Amino acid sequence: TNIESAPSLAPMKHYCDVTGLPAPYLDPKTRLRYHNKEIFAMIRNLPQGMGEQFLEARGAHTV
Amino acid sequence: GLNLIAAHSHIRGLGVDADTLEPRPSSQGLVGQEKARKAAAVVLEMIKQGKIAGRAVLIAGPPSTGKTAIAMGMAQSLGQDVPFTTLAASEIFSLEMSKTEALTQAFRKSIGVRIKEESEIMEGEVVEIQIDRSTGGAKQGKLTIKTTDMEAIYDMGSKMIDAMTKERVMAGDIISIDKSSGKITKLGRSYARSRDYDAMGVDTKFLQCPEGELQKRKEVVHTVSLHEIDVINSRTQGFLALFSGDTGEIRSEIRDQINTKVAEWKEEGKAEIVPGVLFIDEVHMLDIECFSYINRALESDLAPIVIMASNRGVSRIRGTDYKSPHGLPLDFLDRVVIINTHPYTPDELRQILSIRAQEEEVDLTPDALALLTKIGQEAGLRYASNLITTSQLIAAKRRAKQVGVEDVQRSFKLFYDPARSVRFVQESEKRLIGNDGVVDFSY
Ligand SMILES: Nc1ncnc2c1ncn2[C@@H]1O[C@H](COP(=O)(O)OP(=O)(O)O)[C@@H](O)[C@H]1O
């Protein structure tokens with residue numbers, strides 16, 4: 001019927017939006033998940049619109 | 001601080017070359033006793049290597065010849081990395097438990113189990129907490145937290161919301177979370193939020209924000225003695241008896257289980273065994289029943305090294321009516337080696353008085369030091385060291401900047417030494433209460 005799957009109820013693992021490594025941390029400001037202080041520093045210095053570009057790979061962009 | 005200047009405060013160690021064990025004529029606060037300090041240095045090597053179990057060493061010598069000083073030196077040169085138990089023999093005579101129980105407990109305090117455990121710990125300044133209570137509370141909440149290097153939001157589980165509301169966490173608090181267990185410790189308050197803390201009094205201190213990763217695998221090293229494991233296992237909150245002291249006579253089958261369990265942990269590598277040392281000061285105050293116990297408590301792989309000090313000559317053993325060297329039975333002295341401490345020469349007396357005068361805040365003129373050295377030879381090292389404090393107080397009352405001979409002479413006149421005090425009782429014999437209880441009150 002072309003209607004054929006449903007979301008999981010298992011809780012979701014957290015991965016770094018930049019590097020895909022496991023992420024302990026969720027940035028409050030930019031909503032990116034990040035692995036460590038090195039990537040938090042880089043995340044806060046992204047060019048305009050690059051934060052949304054990282055959310056797009058997760059399918060989580062603002063629209 | 002809290003730690004005041006005690007009799008031994010100047011002793012920082014044994015004063016011994018780590019390469020050769022040659023004692024230096026003065027260092028780390030110990031003067032002379034070189035042959036004795038060398039032997040005590042050999043004992044530290046045995047203690048630190050852990051290989052040998054249940055050696056007993058006796059430090060034998062006249063009073064005030066540095067037997068305790070050398071014992072303090074060893075404690076200071078082992079440091080906190082090894083169990084060091086200091087027992088006055090008078091303490092074994094408990095009413096809570098038998099003498100042999102008290103000796104078992106003292107031995108068990110002197111073997112350590114060293115255990116290494118990691119935890120993830122989260123530490124940072126709280127940027128924000130919001131909690132929604134609906135109305136029963138703890139329905140949901142969010143924590144924002146930062147270091148200087150990172151910032152994060154956390155969705156909180158309801159028991160973490162209870163931990164947060166219990167510890168009254170508020171914006172600006174610097175907290176640590178042991179997330180394997182969820183206790184919050186409020187390390188402090190950020191200075192950057194000082195105006196928010198309207199209820200905190202002006203005496204309140206403020207910290208800087210933490211730094212680095214919000215989460216770290218901190219590794220903790222614990223040492224727990226065999227006695228602590230025994231007491232824990234004695235009753236439902238047995239560990240409390242490690243503080244109130246009302247341990248009964250802990251049953252020996254409990255200890256044997258623990259001895260087996262610890263050997264298991266050693267072979268699995270879950271734990272390491274750290275043999276310490278038991279120091280028994282005035283070992284001559286033990287009785288004949290104690291000595292026959294100690295004989296066989298030494299013959300065990302979980303025996304510490306034992307160190308003992310005695311002033312006694314050929315003297316009566318307690319609990320019997322005959323006399324033996326050091327006051328100790330020959331049956332026991334067979335399993336002991338003796339380190340003997342000698343009286344000091346005058347140049348050593350001068351140095352010890354100088355070190356004691358520098359440990360105390362005392363500016364001492366050279367002639368006062370010479371006079372105190374003469375008194376030391378004639379009245380004993382302890383009496384001369386007691387006169388240092390006195391003369392400082394006398395000099396201070398006349399506003400003097402240095403302790404002069406004048407001040408030492410007031411002290412010598414005001415406070416009798418032992419020998420002068422013995423003469424006083426002999427000349428005052430009819431006025432003092434004699435051993436027959438007789439005394440005369442009349443002029
Ligand atoms: N060799 C030494 N070096 C430095 N201080 C010493 C020395 N010998 C004794 N003292 C100090 O002099 C005092 C008497 O010695 P102490 O060891 O207490 O007596 P005892 O041998 O009777 O136990 C203590 O305050 C001790 O610290």
# chains A, B, ... in the order shown; residues from 1 in each chain; ligands from 1
>>> closest_atom_pairs(of="chain B", to="chain A", cutoff="7 Å", atoms="only C-alpha atoms", output="JSON lines")
{"residue": "B:149", "atom": "CA", "partner": "A:37", "partner_atom": "CA", "distance": 5.8}
{"residue": "B:150", "atom": "CA", "partner": "A:37", "partner_atom": "CA", "distance": 5.6}
{"residue": "B:151", "atom": "CA", "partner": "A:27", "partner_atom": "CA", "distance": 6.0}
{"residue": "B:152", "atom": "CA", "partner": "A:27", "partner_atom": "CA", "distance": 4.8}
{"residue": "B:153", "atom": "CA", "partner": "A:28", "partner_atom": "CA", "distance": 5.4}
{"residue": "B:213", "atom": "CA", "partner": "A:37", "partner_atom": "CA", "distance": 6.3}
>>> select_by_dssp(residues="range 259-362 of chain B", states="strand (DSSP E)", output="list in words")
residues 272, 273, 274, 275, 277, 278, 279, 280, 281, 305, 306, 307, 308, 309, 310, 314, 315, 316, 323, 324, 325, 336, 337, 338, 339 and 340 of chain B
>>> write_last_selection(atoms="N, CA and C atoms", output="PDB file, in the first residue's frame")
ATOM      1  N   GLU B 272      45.309  -4.569  45.087  1.00  0.00           N
ATOM      2  CA  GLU B 272      46.698  -4.740  45.484  1.00  0.00           C
ATOM      3  C   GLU B 272      46.769  -4.697  47.007  1.00  0.00           C
ATOM      4  N   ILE B 273      47.668  -5.473  47.604  1.00  0.00           N
ATOM      5  CA  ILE B 273      47.881  -5.449  49.054  1.00  0.00           C
ATOM      6  C   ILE B 273      49.074  -4.575  49.410  1.00  0.00           C
ATOM      7  N   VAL B 274      48.880  -3.712  50.403  1.00  0.00           N
ATOM      8  CA  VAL B 274      49.861  -2.728  50.843  1.00  0.00           C
ATOM      9  C   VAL B 274      50.170  -2.971  52.312  1.00  0.00           C
ATOM     10  N   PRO B 275      51.175  -3.782  52.628  1.00  0.00           N
ATOM     11  CA  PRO B 275      51.565  -3.982  54.026  1.00  0.00           C
ATOM     12  C   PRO B 275      52.143  -2.708  54.619  1.00  0.00           C
ATOM     13  N   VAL B 277      52.867  -0.662  58.666  1.00  0.00           N
ATOM     14  CA  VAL B 277      53.661  -0.869  59.867  1.00  0.00           C
ATOM     15  C   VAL B 277      52.825  -0.495  61.080  1.00  0.00           C
ATOM     16  N   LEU B 278      52.950  -1.274  62.145  1.00  0.00           N
ATOM     17  CA  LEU B 278      52.348  -0.945  63.429  1.00  0.00           C
ATOM     18  C   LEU B 278      53.454  -0.469  64.353  1.00  0.00           C
ATOM     19  N   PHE B 279      53.284   0.704  64.931  1.00  0.00           N
ATOM     20  CA  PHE B 279      54.216   1.195  65.928  1.00  0.00           C
ATOM     21  C   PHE B 279      53.591   1.082  67.311  1.00  0.00           C
ATOM     22  N   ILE B 280      54.269   0.379  68.207  1.00  0.00           N
ATOM     23  CA  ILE B 280      53.812   0.184  69.575  1.00  0.00           C
ATOM     24  C   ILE B 280      54.788   0.905  70.495  1.00  0.00           C
ATOM     25  N   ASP B 281      54.409   2.094  70.940  1.00  0.00           N
ATOM     26  CA  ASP B 281      55.211   2.856  71.883  1.00  0.00           C
ATOM     27  C   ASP B 281      55.009   2.360  73.312  1.00  0.00           C
ATOM     28  N   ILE B 305      54.944  -5.132  59.427  1.00  0.00           N
ATOM     29  CA  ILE B 305      56.117  -4.955  60.264  1.00  0.00           C
ATOM     30  C   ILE B 305      55.702  -4.235  61.539  1.00  0.00           C
ATOM     31  N   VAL B 306      56.273  -4.639  62.672  1.00  0.00           N
ATOM     32  CA  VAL B 306      56.004  -4.006  63.960  1.00  0.00           C
ATOM     33  C   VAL B 306      57.258  -3.323  64.478  1.00  0.00           C
ATOM     34  N   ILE B 307      57.084  -2.132  65.031  1.00  0.00           N
ATOM     35  CA  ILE B 307      58.164  -1.369  65.638  1.00  0.00           C
ATOM     36  C   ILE B 307      57.760  -0.947  67.040  1.00  0.00           C
ATOM     37  N   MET B 308      58.687  -1.100  67.985  1.00  0.00           N
ATOM     38  CA  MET B 308      58.425  -0.998  69.415  1.00  0.00           C
ATOM     39  C   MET B 308      59.527  -0.167  70.051  1.00  0.00           C
ATOM     40  N   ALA B 309      59.179   0.575  71.097  1.00  0.00           N
ATOM     41  CA  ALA B 309      60.136   1.399  71.823  1.00  0.00           C
ATOM     42  C   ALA B 309      60.045   1.111  73.311  1.00  0.00           C
ATOM     43  N   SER B 310      61.196   0.987  73.972  1.00  0.00           N
ATOM     44  CA  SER B 310      61.219   0.767  75.414  1.00  0.00           C
ATOM     45  C   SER B 310      62.351   1.525  76.093  1.00  0.00           C
ATOM     46  N   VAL B 314      66.453  -3.998  83.117  1.00  0.00           N
ATOM     47  CA  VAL B 314      65.956  -5.278  83.609  1.00  0.00           C
ATOM     48  C   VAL B 314      64.821  -5.022  84.593  1.00  0.00           C
ATOM     49  N   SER B 315      63.596  -5.334  84.187  1.00  0.00           N
ATOM     50  CA  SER B 315      62.398  -4.836  84.839  1.00  0.00           C
ATOM     51  C   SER B 315      61.334  -5.918  84.837  1.00  0.00           C
ATOM     52  N   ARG B 316      60.378  -5.783  85.749  1.00  0.00           N
ATOM     53  CA  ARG B 316      59.353  -6.800  85.930  1.00  0.00           C
ATOM     54  C   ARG B 316      58.372  -6.831  84.768  1.00  0.00           C
ATOM     55  N   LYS B 323      61.529 -10.698  86.281  1.00  0.00           N
ATOM     56  CA  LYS B 323      62.108  -9.582  85.559  1.00  0.00           C
ATOM     57  C   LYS B 323      62.889 -10.056  84.346  1.00  0.00           C
ATOM     58  N   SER B 324      62.863  -9.247  83.292  1.00  0.00           N
ATOM     59  CA  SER B 324      63.495  -9.594  82.032  1.00  0.00           C
ATOM     60  C   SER B 324      63.952  -8.310  81.368  1.00  0.00           C
ATOM     61  N   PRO B 325      64.980  -8.364  80.521  1.00  0.00           N
ATOM     62  CA  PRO B 325      65.419  -7.160  79.811  1.00  0.00           C
ATOM     63  C   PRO B 325      64.300  -6.448  79.078  1.00  0.00           C
ATOM     64  N   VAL B 336      62.842 -10.743  67.904  1.00  0.00           N
ATOM     65  CA  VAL B 336      63.000  -9.303  67.771  1.00  0.00           C
ATOM     66  C   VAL B 336      64.470  -9.000  67.540  1.00  0.00           C
ATOM     67  N   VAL B 337      64.741  -7.975  66.741  1.00  0.00           N
ATOM     68  CA  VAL B 337      66.049  -7.334  66.698  1.00  0.00           C
ATOM     69  C   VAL B 337      65.943  -5.977  67.374  1.00  0.00           C
ATOM     70  N   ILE B 338      67.000  -5.590  68.074  1.00  0.00           N
ATOM     71  CA  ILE B 338      67.024  -4.371  68.872  1.00  0.00           C
ATOM     72  C   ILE B 338      67.874  -3.329  68.167  1.00  0.00           C
ATOM     73  N   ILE B 339      67.330  -2.125  68.029  1.00  0.00           N
ATOM     74  CA  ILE B 339      68.081  -0.933  67.653  1.00  0.00           C
ATOM     75  C   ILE B 339      68.267  -0.123  68.924  1.00  0.00           C
ATOM     76  N   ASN B 340      69.508   0.175  69.284  1.00  0.00           N
ATOM     77  CA  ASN B 340      69.784   0.915  70.510  1.00  0.00           C
ATOM     78  C   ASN B 340      70.174   2.364  70.234  1.00  0.00           C
TER      79      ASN B 340
END
>>> residues_near_ligand(ligand="ligand 1", cutoff="10 Å", atoms="only C-alpha atoms and all ligand atoms", output="tab-separated table (two decimals) with N, CA, C and O atoms, in the first residue's frame")
chain	number	residue	atom	x	y	z
B	6	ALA	N	54.18	21.03	68.22
B	6	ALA	CA	54.33	19.98	69.21
B	6	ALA	C	55.79	19.62	69.40
B	6	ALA	O	56.69	20.19	68.80
B	7	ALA	N	56.02	18.65	70.29
B	7	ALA	CA	57.38	18.23	70.62
B	7	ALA	C	58.15	17.74	69.41
B	7	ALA	O	59.37	17.94	69.33
B	8	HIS	N	57.48	17.10	68.47
B	8	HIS	CA	58.14	16.48	67.33
B	8	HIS	C	57.99	17.25	66.03
B	8	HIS	O	58.39	16.74	64.99
B	9	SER	N	57.39	18.43	66.07
B	9	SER	CA	57.02	19.15	64.85
B	9	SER	C	58.19	19.42	63.92
B	9	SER	O	58.00	19.51	62.71
B	10	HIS	N	59.41	19.52	64.45
B	10	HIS	CA	60.57	19.77	63.61
B	10	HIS	C	61.01	18.58	62.76
B	10	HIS	O	61.78	18.77	61.82
B	11	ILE	N	60.59	17.36	63.09
B	11	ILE	CA	60.99	16.16	62.36
B	11	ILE	C	60.22	16.04	61.05
B	11	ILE	O	59.00	15.93	61.06
B	12	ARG	N	60.94	16.09	59.93
B	12	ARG	CA	60.34	16.01	58.61
B	12	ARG	C	60.67	14.71	57.92
B	12	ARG	O	60.22	14.48	56.80
B	14	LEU	N	63.77	11.16	58.01
B	14	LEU	CA	64.84	10.43	58.65
B	14	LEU	C	66.21	11.06	58.42
B	14	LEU	O	67.16	10.71	59.12
B	15	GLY	N	66.33	11.95	57.45
B	15	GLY	CA	67.60	12.59	57.19
B	15	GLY	C	68.65	11.68	56.60
B	15	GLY	O	69.82	11.77	56.98
B	25	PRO	N	74.83	13.83	59.21
B	25	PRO	CA	74.94	14.24	60.62
B	25	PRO	C	73.82	15.13	61.13
B	25	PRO	O	73.43	15.01	62.29
B	26	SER	N	73.31	16.04	60.31
B	26	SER	CA	72.00	16.61	60.56
B	26	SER	C	71.28	16.78	59.24
B	26	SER	O	71.87	17.32	58.29
B	27	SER	N	70.05	16.30	59.15
B	27	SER	CA	69.15	16.73	58.09
B	27	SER	C	67.73	16.32	58.41
B	27	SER	O	67.49	15.47	59.28
B	28	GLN	N	66.79	16.95	57.72
B	28	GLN	CA	65.36	16.72	57.90
B	28	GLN	C	64.92	16.82	59.35
B	28	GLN	O	63.84	16.34	59.71
B	29	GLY	N	65.70	17.50	60.18
B	29	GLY	CA	65.39	17.68	61.57
B	29	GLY	C	65.98	16.70	62.55
B	29	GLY	O	65.76	16.85	63.75
B	30	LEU	N	66.70	15.68	62.10
B	30	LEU	CA	67.30	14.71	63.00
B	30	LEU	C	68.81	14.91	63.09
B	30	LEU	O	69.51	14.92	62.08
B	31	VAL	N	69.31	15.01	64.32
B	31	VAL	CA	70.72	15.22	64.61
B	31	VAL	C	71.25	13.95	65.25
B	31	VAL	O	70.61	13.39	66.14
B	32	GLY	N	72.43	13.51	64.81
B	32	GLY	CA	73.08	12.37	65.42
B	32	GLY	C	72.27	11.09	65.29
B	32	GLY	O	71.55	10.89	64.32
B	33	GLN	N	72.39	10.22	66.29
B	33	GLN	CA	71.79	8.87	66.27
B	33	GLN	C	72.05	8.15	64.96
B	33	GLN	O	71.18	7.47	64.42
B	34	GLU	N	73.25	8.31	64.42
B	34	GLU	CA	73.48	7.91	63.04
B	34	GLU	C	73.34	6.41	62.86
B	34	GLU	O	72.69	5.96	61.92
B	36	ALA	N	71.64	4.41	64.68
B	36	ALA	CA	70.23	4.11	64.84
B	36	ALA	C	69.40	4.57	63.64
B	36	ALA	O	68.50	3.86	63.20
B	37	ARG	N	69.69	5.76	63.11
B	37	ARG	CA	69.00	6.24	61.92
B	37	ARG	C	69.33	5.42	60.68
B	37	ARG	O	68.50	5.30	59.79
B	59	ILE	N	63.22	-0.55	69.35
B	59	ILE	CA	64.09	0.59	69.61
B	59	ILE	C	64.28	0.73	71.11
B	59	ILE	O	63.37	1.12	71.83
B	60	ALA	N	65.47	0.40	71.58
B	60	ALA	CA	65.78	0.37	73.00
B	60	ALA	C	66.76	1.48	73.35
B	60	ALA	O	67.82	1.58	72.74
B	61	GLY	N	66.44	2.27	74.36
B	61	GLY	CA	67.35	3.28	74.81
B	61	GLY	C	66.83	4.07	75.99
B	61	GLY	O	65.66	3.98	76.35
B	62	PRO	N	67.71	4.82	76.63
B	62	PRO	CA	67.30	5.67	77.75
B	62	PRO	C	66.25	6.68	77.32
B	62	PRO	O	66.07	6.94	76.13
B	63	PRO	N	65.53	7.26	78.28
B	63	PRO	CA	64.60	8.34	77.95
B	63	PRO	C	65.24	9.52	77.24
B	63	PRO	O	66.41	9.84	77.45
B	64	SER	N	64.45	10.16	76.38
B	64	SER	CA	64.83	11.36	75.65
B	64	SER	C	66.07	11.18	74.79
B	64	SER	O	66.88	12.09	74.66
B	65	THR	N	66.24	10.00	74.21
B	65	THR	CA	67.33	9.73	73.29
B	65	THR	C	66.85	9.55	71.86
B	65	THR	O	67.56	8.98	71.03
B	66	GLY	N	65.67	10.07	71.54
B	66	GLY	CA	65.22	10.05	70.16
B	66	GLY	C	64.59	8.77	69.68
B	66	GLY	O	64.71	8.45	68.49
B	67	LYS	N	63.99	7.98	70.56
B	67	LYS	CA	63.30	6.78	70.11
B	67	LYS	C	62.00	7.14	69.41
B	67	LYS	O	61.70	6.61	68.34
B	68	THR	N	61.21	8.03	69.99
B	68	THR	CA	60.04	8.56	69.29
B	68	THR	C	60.43	9.41	68.09
B	68	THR	O	59.74	9.39	67.07
B	69	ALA	N	61.49	10.21	68.21
B	69	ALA	CA	61.93	11.02	67.08
B	69	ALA	C	62.19	10.16	65.86
B	69	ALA	O	61.77	10.50	64.75
B	70	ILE	N	62.90	9.06	66.03
B	70	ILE	CA	63.15	8.16	64.92
B	70	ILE	C	61.86	7.53	64.42
B	70	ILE	O	61.69	7.31	63.22
B	71	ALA	N	60.94	7.22	65.32
B	71	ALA	CA	59.64	6.70	64.91
B	71	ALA	C	58.83	7.71	64.10
B	71	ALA	O	58.16	7.35	63.14
B	72	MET	N	58.85	8.98	64.51
B	72	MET	CA	58.24	10.04	63.70
B	72	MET	C	58.94	10.22	62.36
B	72	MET	O	58.30	10.52	61.36
B	73	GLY	N	60.26	10.10	62.34
B	73	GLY	CA	60.97	10.19	61.08
B	73	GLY	C	60.55	9.15	60.06
B	73	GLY	O	60.37	9.47	58.89
B	281	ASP	N	54.41	2.09	70.94
B	281	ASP	CA	55.21	2.86	71.88
B	281	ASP	C	55.01	2.36	73.31
B	281	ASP	O	53.88	2.11	73.74
B	282	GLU	N	56.10	2.30	74.08
B	282	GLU	CA	56.12	1.71	75.42
B	282	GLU	C	55.64	0.26	75.44
B	282	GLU	O	54.76	-0.11	76.21
B	309	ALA	N	59.18	0.58	71.10
B	309	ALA	CA	60.14	1.40	71.82
B	309	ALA	C	60.04	1.11	73.31
B	309	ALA	O	58.95	1.04	73.86
B	310	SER	N	61.20	0.99	73.97
B	310	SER	CA	61.22	0.77	75.41
B	310	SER	C	62.35	1.53	76.09
B	310	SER	O	63.49	1.49	75.63
B	311	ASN	N	62.03	2.16	77.22
B	311	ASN	CA	63.01	2.78	78.12
B	311	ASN	C	63.56	1.84	79.18
B	311	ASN	O	64.50	2.23	79.88
B	341	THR	N	69.54	3.29	70.95
B	341	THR	CA	69.82	4.72	70.89
B	341	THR	C	70.60	5.18	72.11
B	341	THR	O	70.25	4.82	73.24
B	342	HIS	N	71.66	5.99	71.89
B	342	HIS	CA	72.63	6.47	72.87
B	342	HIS	C	72.29	7.88	73.34
B	342	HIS	O	71.52	8.59	72.70
B	343	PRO	N	72.87	8.32	74.46
B	343	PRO	CA	72.83	9.75	74.81
B	343	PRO	C	73.60	10.65	73.86
B	343	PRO	O	74.57	10.24	73.22
B	344	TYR	N	73.17	11.90	73.79
B	344	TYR	CA	73.76	12.90	72.90
B	344	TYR	C	74.99	13.55	73.52
B	344	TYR	O	75.05	13.79	74.73
B	348	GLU	N	75.73	17.90	69.73
B	348	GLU	CA	74.41	17.47	69.27
B	348	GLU	C	73.30	18.13	70.06
B	348	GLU	O	72.27	18.50	69.49
B	349	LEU	N	73.47	18.27	71.37
B	349	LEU	CA	72.50	19.02	72.16
B	349	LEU	C	72.34	20.45	71.66
B	349	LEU	O	71.23	20.97	71.61
B	351	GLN	N	72.77	21.56	68.58
B	351	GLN	CA	72.02	21.54	67.33
B	351	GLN	C	70.55	21.25	67.54
B	351	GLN	O	69.69	21.89	66.93
B	352	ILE	N	70.22	20.29	68.40
B	352	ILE	CA	68.82	19.98	68.64
B	352	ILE	C	68.11	21.16	69.26
B	352	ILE	O	66.97	21.46	68.92
B	353	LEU	N	68.76	21.83	70.21
B	353	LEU	CA	68.17	23.04	70.76
B	353	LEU	C	68.01	24.14	69.72
B	353	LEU	O	67.02	24.87	69.73
B	354	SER	N	68.99	24.29	68.82
B	354	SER	CA	68.87	25.26	67.73
B	354	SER	C	67.69	24.97	66.82
B	354	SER	O	66.90	25.87	66.50
B	355	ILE	N	67.55	23.72	66.38
B	355	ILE	CA	66.43	23.34	65.52
B	355	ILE	C	65.10	23.57	66.23
B	355	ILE	O	64.15	24.08	65.64
B	356	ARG	N	65.01	23.17	67.49
B	356	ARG	CA	63.82	23.44	68.28
B	356	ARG	C	63.55	24.93	68.42
B	356	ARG	O	62.40	25.36	68.48
B	380	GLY	N	69.07	17.68	81.16
B	380	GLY	CA	68.46	16.88	80.12
B	380	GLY	C	67.87	17.70	78.99
B	380	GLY	O	67.37	18.82	79.18
B	381	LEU	N	67.87	17.10	77.81
B	381	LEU	CA	67.45	17.76	76.58
B	381	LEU	C	66.02	18.26	76.62
B	381	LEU	O	65.70	19.31	76.07
B	382	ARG	N	65.12	17.51	77.24
B	382	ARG	CA	63.74	17.94	77.33
B	382	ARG	C	63.59	19.19	78.17
B	382	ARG	O	62.79	20.07	77.84
B	383	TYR	N	64.29	19.27	79.30
B	383	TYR	CA	64.17	20.44	80.16
B	383	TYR	C	64.66	21.70	79.46
B	383	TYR	O	64.01	22.74	79.50
B	384	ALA	N	65.83	21.62	78.83
B	384	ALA	CA	66.34	22.74	78.06
B	384	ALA	C	65.40	23.17	76.93
B	384	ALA	O	65.18	24.36	76.72
B	385	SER	N	64.81	22.22	76.20
B	385	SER	CA	63.82	22.57	75.18
B	385	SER	C	62.58	23.21	75.78
B	385	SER	O	61.94	24.05	75.13
B	386	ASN	N	62.17	22.79	76.97
B	386	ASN	CA	61.06	23.46	77.60
B	386	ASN	C	61.41	24.88	78.02
B	386	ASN	O	60.52	25.74	78.04
>>> atom_distance(atom1="CA of residue 56 in chain A", atom2="CA of residue 214 in chain B")
26.8 Å
>>> closest_residue(among="B:102, B:294, B:80, B:169", to="residue 128 in chain B", atoms="only C-alpha atoms")
B:169
>>> residues_around(residues="residue 371 in chain B", least_positions_apart="2", cutoff="10 Å", atoms="only C-alpha atoms", output="ChimeraX atom specification")
/B:350,365-369,373-376,384,404-405,408-409
>>> write_last_selection(atoms="N, CA, C and O atoms", output="PDB file, in the first residue's frame")
ATOM      1  N   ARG B 350      73.449  21.110  71.332  1.00  0.00           N
ATOM      2  CA  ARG B 350      73.364  22.453  70.774  1.00  0.00           C
ATOM      3  C   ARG B 350      72.521  22.492  69.505  1.00  0.00           C
ATOM      4  O   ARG B 350      71.629  23.336  69.365  1.00  0.00           O
ATOM      5  N   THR B 365      70.103  34.515  71.414  1.00  0.00           N
ATOM      6  CA  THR B 365      71.476  35.007  71.384  1.00  0.00           C
ATOM      7  C   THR B 365      72.457  33.848  71.545  1.00  0.00           C
ATOM      8  O   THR B 365      72.126  32.825  72.145  1.00  0.00           O
ATOM      9  N   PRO B 366      73.672  33.981  71.007  1.00  0.00           N
ATOM     10  CA  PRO B 366      74.648  32.883  71.117  1.00  0.00           C
ATOM     11  C   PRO B 366      74.969  32.459  72.537  1.00  0.00           C
ATOM     12  O   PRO B 366      75.209  31.272  72.777  1.00  0.00           O
ATOM     13  N   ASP B 367      75.010  33.393  73.480  1.00  0.00           N
ATOM     14  CA  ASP B 367      75.286  33.022  74.861  1.00  0.00           C
ATOM     15  C   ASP B 367      74.110  32.326  75.523  1.00  0.00           C
ATOM     16  O   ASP B 367      74.314  31.452  76.367  1.00  0.00           O
ATOM     17  N   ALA B 368      72.882  32.709  75.185  1.00  0.00           N
ATOM     18  CA  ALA B 368      71.731  31.943  75.643  1.00  0.00           C
ATOM     19  C   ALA B 368      71.758  30.520  75.098  1.00  0.00           C
ATOM     20  O   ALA B 368      71.467  29.565  75.824  1.00  0.00           O
ATOM     21  N   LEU B 369      72.125  30.353  73.832  1.00  0.00           N
ATOM     22  CA  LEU B 369      72.261  29.012  73.285  1.00  0.00           C
ATOM     23  C   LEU B 369      73.349  28.228  74.000  1.00  0.00           C
ATOM     24  O   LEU B 369      73.194  27.030  74.253  1.00  0.00           O
ATOM     25  N   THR B 373      72.680  24.954  76.313  1.00  0.00           N
ATOM     26  CA  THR B 373      73.429  23.732  76.071  1.00  0.00           C
ATOM     27  C   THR B 373      74.028  23.174  77.355  1.00  0.00           C
ATOM     28  O   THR B 373      74.027  21.959  77.560  1.00  0.00           O
ATOM     29  N   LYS B 374      74.579  24.034  78.211  1.00  0.00           N
ATOM     30  CA  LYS B 374      75.053  23.581  79.519  1.00  0.00           C
ATOM     31  C   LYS B 374      73.934  22.981  80.352  1.00  0.00           C
ATOM     32  O   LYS B 374      74.109  21.938  80.988  1.00  0.00           O
ATOM     33  N   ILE B 375      72.784  23.647  80.391  1.00  0.00           N
ATOM     34  CA  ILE B 375      71.629  23.100  81.094  1.00  0.00           C
ATOM     35  C   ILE B 375      71.221  21.752  80.513  1.00  0.00           C
ATOM     36  O   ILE B 375      70.868  20.827  81.247  1.00  0.00           O
ATOM     37  N   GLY B 376      71.249  21.625  79.191  1.00  0.00           N
ATOM     38  CA  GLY B 376      70.933  20.351  78.574  1.00  0.00           C
ATOM     39  C   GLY B 376      71.810  19.213  79.045  1.00  0.00           C
ATOM     40  O   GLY B 376      71.317  18.124  79.328  1.00  0.00           O
ATOM     41  N   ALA B 384      65.827  21.619  78.828  1.00  0.00           N
ATOM     42  CA  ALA B 384      66.337  22.744  78.058  1.00  0.00           C
ATOM     43  C   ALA B 384      65.398  23.168  76.927  1.00  0.00           C
ATOM     44  O   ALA B 384      65.184  24.365  76.720  1.00  0.00           O
ATOM     45  N   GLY B 404      67.846  36.642  75.697  1.00  0.00           N
ATOM     46  CA  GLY B 404      69.176  36.764  76.246  1.00  0.00           C
ATOM     47  C   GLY B 404      69.410  35.811  77.405  1.00  0.00           C
ATOM     48  O   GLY B 404      68.496  35.174  77.909  1.00  0.00           O
ATOM     49  N   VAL B 405      70.667  35.757  77.844  1.00  0.00           N
ATOM     50  CA  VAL B 405      71.025  34.969  79.022  1.00  0.00           C
ATOM     51  C   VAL B 405      70.147  35.345  80.203  1.00  0.00           C
ATOM     52  O   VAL B 405      69.731  34.488  80.987  1.00  0.00           O
ATOM     53  N   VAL B 408      66.929  33.284  80.022  1.00  0.00           N
ATOM     54  CA  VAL B 408      67.151  31.887  80.366  1.00  0.00           C
ATOM     55  C   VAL B 408      67.330  31.715  81.867  1.00  0.00           C
ATOM     56  O   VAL B 408      66.836  30.750  82.454  1.00  0.00           O
ATOM     57  N   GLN B 409      68.023  32.646  82.514  1.00  0.00           N
ATOM     58  CA  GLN B 409      68.225  32.574  83.959  1.00  0.00           C
ATOM     59  C   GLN B 409      66.931  32.733  84.755  1.00  0.00           C
ATOM     60  O   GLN B 409      66.781  32.106  85.805  1.00  0.00           O
TER      61      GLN B 409
END
>>> atom_distance(atom1="CA of residue 84 in chain B", atom2="CA of residue 319 in chain B")
28.4 Å
>>> atom_distance(atom1="CA of residue 284 in chain B", atom2="CA of residue 327 in chain B")
5.3 Å
>>> residues_around(residues="residue 413 in chain B", least_positions_apart="6", cutoff="12 Å", atoms="only C-alpha atoms", output="number ranges by chain")
B: 375, 387, 390-391, 406-407, 420-421
>>> residues_around(residues="residue 155 in chain B", least_positions_apart="2", cutoff="9 Å", atoms="only C-alpha atoms", output="ChimeraX atom specification")
/B:140-143,153,157
>>> residues_around(residues="range 115-122 of chain B", least_positions_apart="6", cutoff="10 Å", atoms="only C-alpha atoms", output="number ranges by chain")
B: 145, 175-182, 184, 213-224, 265, 269-273
